[PDB]
$ cat input-v6.pdb   # PDB, C-alpha atoms
ATOM      1  CA  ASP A   1      82.208  88.206  40.606  1.00  0.00           C
ATOM      2  CA  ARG A   2      80.841  85.595  43.005  1.00  0.00           C
ATOM      3  CA  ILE A   3      77.217  85.914  44.092  1.00  0.00           C
ATOM      4  CA  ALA A   4      75.347  84.087  46.812  1.00  0.00           C
ATOM      5  CA  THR A   5      71.749  83.572  45.738  1.00  0.00           C
ATOM      6  CA  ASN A   6      69.266  81.125  44.204  1.00  0.00           C
ATOM      7  CA  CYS A   7      67.079  80.728  41.092  1.00  0.00           C
ATOM      8  CA  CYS A   8      64.142  82.506  42.767  1.00  0.00           C
ATOM      9  CA  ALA A   9      66.166  85.394  44.238  1.00  0.00           C
ATOM     10  CA  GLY A  10      68.243  85.725  41.083  1.00  0.00           C
ATOM     11  CA  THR A  11      67.573  88.717  38.860  1.00  0.00           C
ATOM     12  CA  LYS A  12      65.472  87.897  35.782  1.00  0.00           C
ATOM     13  CA  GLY A  13      67.694  87.413  32.757  1.00  0.00           C
ATOM     14  CA  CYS A  14      70.766  86.951  34.911  1.00  0.00           C
ATOM     15  CA  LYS A  15      72.083  83.445  34.394  1.00  0.00           C
ATOM     16  CA  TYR A  16      73.825  81.952  37.403  1.00  0.00           C
ATOM     17  CA  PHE A  17      76.448  79.253  36.976  1.00  0.00           C
ATOM     18  CA  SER A  18      78.205  76.929  39.389  1.00  0.00           C
ATOM     19  CA  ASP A  19      81.871  76.625  40.290  1.00  0.00           C
ATOM     20  CA  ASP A  20      81.843  73.306  38.436  1.00  0.00           C
ATOM     21  CA  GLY A  21      81.281  75.330  35.256  1.00  0.00           C
ATOM     22  CA  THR A  22      77.773  74.091  34.551  1.00  0.00           C
ATOM     23  CA  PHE A  23      74.825  76.424  34.054  1.00  0.00           C
ATOM     24  CA  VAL A  24      72.656  76.483  37.158  1.00  0.00           C
ATOM     25  CA  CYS A  25      69.663  78.711  36.391  1.00  0.00           C
ATOM     26  CA  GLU A  26      68.576  82.199  35.409  1.00  0.00           C
ATOM     27  CA  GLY A  27      66.805  84.430  37.891  1.00  0.00           C
ATOM     28  CA  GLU A  28      63.086  83.709  37.801  1.00  0.00           C
ATOM     29  CA  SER A  29      62.343  87.155  39.250  1.00  0.00           C
ATOM     30  CA  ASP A  30      59.706  87.900  36.614  1.00  0.00           C
ATOM     31  CA  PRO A  31      58.297  91.458  37.007  1.00  0.00           C
ATOM     32  CA  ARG A  32      54.839  90.210  36.033  1.00  0.00           C
ATOM     33  CA  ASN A  33      54.455  88.104  39.189  1.00  0.00           C
ATOM     34  CA  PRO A  34      55.494  89.199  42.722  1.00  0.00           C
ATOM     35  CA  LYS A  35      58.363  87.058  43.988  1.00  0.00           C
ATOM     36  CA  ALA A  36      61.339  87.270  46.352  1.00  0.00           C
ATOM     37  CA  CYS A  37      63.483  84.582  47.975  1.00  0.00           C
ATOM     38  CA  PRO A  38      66.330  86.424  49.830  1.00  0.00           C
ATOM     39  CA  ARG A  39      66.126  83.811  52.592  1.00  0.00           C
ATOM     40  CA  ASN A  40      68.284  81.092  51.039  1.00  0.00           C
ATOM     41  CA  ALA A  41      71.457  80.608  49.026  1.00  0.00           C
ATOM     42  CA  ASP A  42      72.260  77.677  46.768  1.00  0.00           C
ATOM     43  CA  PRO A  43      75.711  76.183  47.486  1.00  0.00           C
ATOM     44  CA  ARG A  44      76.338  75.692  43.767  1.00  0.00           C
ATOM     45  CA  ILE A  45      75.573  79.335  42.943  1.00  0.00           C
ATOM     46  CA  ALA A  46      79.109  80.555  42.294  1.00  0.00           C
ATOM     47  CA  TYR A  47      78.477  83.460  39.928  1.00  0.00           C
ATOM     48  CA  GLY A  48      75.821  84.911  37.667  1.00  0.00           C
ATOM     49  CA  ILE A  49      75.990  86.626  34.306  1.00  0.00           C
ATOM     50  CA  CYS A  50      73.597  89.524  34.801  1.00  0.00           C
ATOM     51  CA  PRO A  51      72.556  91.674  31.797  1.00  0.00           C
ATOM     52  CA  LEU A  52      74.032  95.174  31.667  1.00  0.00           C
ATOM     53  CA  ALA A  53      71.191  96.429  29.495  1.00  0.00           C
TER      54      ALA A  53
END

$ encode --input "input-v6.pdb" --output "structure tokens"
Amino acid sequence: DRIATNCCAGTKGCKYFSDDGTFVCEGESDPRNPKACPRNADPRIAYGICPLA
């Protein structure tokens, strides 16, 4: 479904794409380094293909 987020807030591995159909970015939420950006949402972030396993 549709998800409001950004490259930084996005879950690692999950690849978010825009409404335009172009690949935007995968979540850079690497577990090795502490990071969290739930204080912004990219307008082109329409949906993201998150890994099930």

$ closest_residue --input "input-v6.pdb" --among "A:17, A:4, A:30, A:9" --to "residue 43 in chain A" --atoms "only C-alpha atoms"
A:4

$ atom_distance --input "input-v6.pdb" --atom1 "CA of residue 39 in chain A" --atom2 "CA of residue 21 in chain A"
24.5 Å

$ closest_residue --input "input-v6.pdb" --among "A:3, A:26, A:12, A:32" --to "residue 45 in chain A" --atoms "only C-alpha atoms"
A:3

$ resolve_selection --input "input-v6.pdb" --expression "the PyMOL selection byres ((chain A and resi 36) around 12)" --output "PyMOL selection string"
chain A and resi 5-12+27-31+33-35+37-40

$ write_last_selection --input "input-v6.pdb" --atoms "C-alpha atoms" --output "tab-separated table (two decimals), keeping the file's coordinate frame"
chain	number	residue	atom	x	y	z
A	5	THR	CA	71.75	83.57	45.74
A	6	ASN	CA	69.27	81.12	44.20
A	7	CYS	CA	67.08	80.73	41.09
A	8	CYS	CA	64.14	82.51	42.77
A	9	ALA	CA	66.17	85.39	44.24
A	10	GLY	CA	68.24	85.72	41.08
A	11	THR	CA	67.57	88.72	38.86
A	12	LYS	CA	65.47	87.90	35.78
A	27	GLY	CA	66.81	84.43	37.89
A	28	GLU	CA	63.09	83.71	37.80
A	29	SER	CA	62.34	87.16	39.25
A	30	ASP	CA	59.71	87.90	36.61
A	31	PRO	CA	58.30	91.46	37.01
A	33	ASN	CA	54.46	88.10	39.19
A	34	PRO	CA	55.49	89.20	42.72
A	35	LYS	CA	58.36	87.06	43.99
A	37	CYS	CA	63.48	84.58	47.98
A	38	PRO	CA	66.33	86.42	49.83
A	39	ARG	CA	66.13	83.81	52.59
A	40	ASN	CA	68.28	81.09	51.04

$ resolve_selection --input "input-v6.pdb" --expression "the PyMOL selection byres ((chain A and resi 52) around 12)" --output "VMD selection string"
chain A and resid 11 to 14 49 to 51 53

$ residues_around --input "input-v6.pdb" --residues "residue 46 in chain A" --least-positions-apart "6" --cutoff "6 Å" --atoms "all atoms listed in the file" --output "PyMOL selection string"
chain A and resi 2-3+18-19

$ decode --input "input-v6.pdb" --residues "chain A" --atoms "C-alpha atoms" --output "mmCIF file, in the first residue's frame"
data_model
loop_
_atom_site.group_PDB
_atom_site.id
_atom_site.type_symbol
_atom_site.label_atom_id
_atom_site.label_comp_id
_atom_site.auth_asym_id
_atom_site.auth_seq_id
_atom_site.Cartn_x
_atom_site.Cartn_y
_atom_site.Cartn_z
ATOM 1 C CA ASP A 1 0.000 0.000 0.000
ATOM 2 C CA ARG A 2 0.966 3.673 0.150
ATOM 3 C CA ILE A 3 3.536 4.722 2.742
ATOM 4 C CA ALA A 4 4.566 8.178 3.851
ATOM 5 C CA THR A 5 8.258 8.175 4.710
ATOM 6 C CA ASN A 6 11.761 8.967 3.442
ATOM 7 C CA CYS A 7 15.048 7.199 2.604
ATOM 8 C CA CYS A 8 16.345 7.635 6.170
ATOM 9 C CA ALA A 9 13.130 6.562 7.935
ATOM 10 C CA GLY A 10 12.550 3.747 5.463
ATOM 11 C CA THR A 11 13.148 0.209 6.676
ATOM 12 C CA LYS A 12 16.474 -1.264 5.522
ATOM 13 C CA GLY A 13 15.960 -3.463 2.485
ATOM 14 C CA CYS A 14 12.567 -1.949 1.787
ATOM 15 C CA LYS A 15 12.701 -0.183 -1.553
ATOM 16 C CA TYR A 16 10.407 2.812 -1.850
ATOM 17 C CA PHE A 17 9.140 3.949 -5.233
ATOM 18 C CA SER A 18 7.329 7.049 -6.425
ATOM 19 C CA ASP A 19 3.896 7.456 -7.973
ATOM 20 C CA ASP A 20 5.684 8.279 -11.226
ATOM 21 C CA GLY A 21 6.875 4.658 -11.239
ATOM 22 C CA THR A 22 10.553 5.396 -10.728
ATOM 23 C CA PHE A 23 12.593 3.857 -7.925
ATOM 24 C CA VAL A 24 13.155 6.389 -5.165
ATOM 25 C CA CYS A 25 15.377 4.726 -2.555
ATOM 26 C CA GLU A 26 15.670 1.832 -0.136
ATOM 27 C CA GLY A 27 15.496 2.420 3.592
ATOM 28 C CA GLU A 28 18.946 3.296 4.890
ATOM 29 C CA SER A 29 17.951 2.187 8.398
ATOM 30 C CA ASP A 30 21.084 0.075 8.821
ATOM 31 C CA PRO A 31 21.065 -1.806 12.176
ATOM 32 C CA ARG A 32 24.815 -1.268 12.514
ATOM 33 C CA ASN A 33 24.472 2.507 12.927
ATOM 34 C CA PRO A 34 21.789 4.269 15.038
ATOM 35 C CA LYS A 35 19.442 6.260 12.814
ATOM 36 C CA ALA A 36 15.842 7.496 12.737
ATOM 37 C CA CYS A 37 14.134 10.203 10.685
ATOM 38 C CA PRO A 38 10.367 10.002 11.526
ATOM 39 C CA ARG A 39 10.185 13.799 11.292
ATOM 40 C CA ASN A 40 9.788 14.173 7.528
ATOM 41 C CA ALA A 41 8.039 12.603 4.557
ATOM 42 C CA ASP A 42 9.163 12.766 0.944
ATOM 43 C CA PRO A 43 6.347 13.850 -1.413
ATOM 44 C CA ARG A 44 7.494 11.342 -4.032
ATOM 45 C CA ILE A 45 7.399 8.423 -1.581
ATOM 46 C CA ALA A 46 4.262 6.692 -2.837
ATOM 47 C CA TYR A 47 4.912 3.101 -1.778
ATOM 48 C CA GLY A 48 7.694 0.804 -0.662
ATOM 49 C CA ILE A 49 8.425 -2.839 -1.346
ATOM 50 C CA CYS A 50 9.407 -4.085 2.097
ATOM 51 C CA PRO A 51 10.899 -7.599 2.502
ATOM 52 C CA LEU A 52 8.633 -10.192 4.110
ATOM 53 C CA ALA A 53 11.597 -12.271 5.231
#
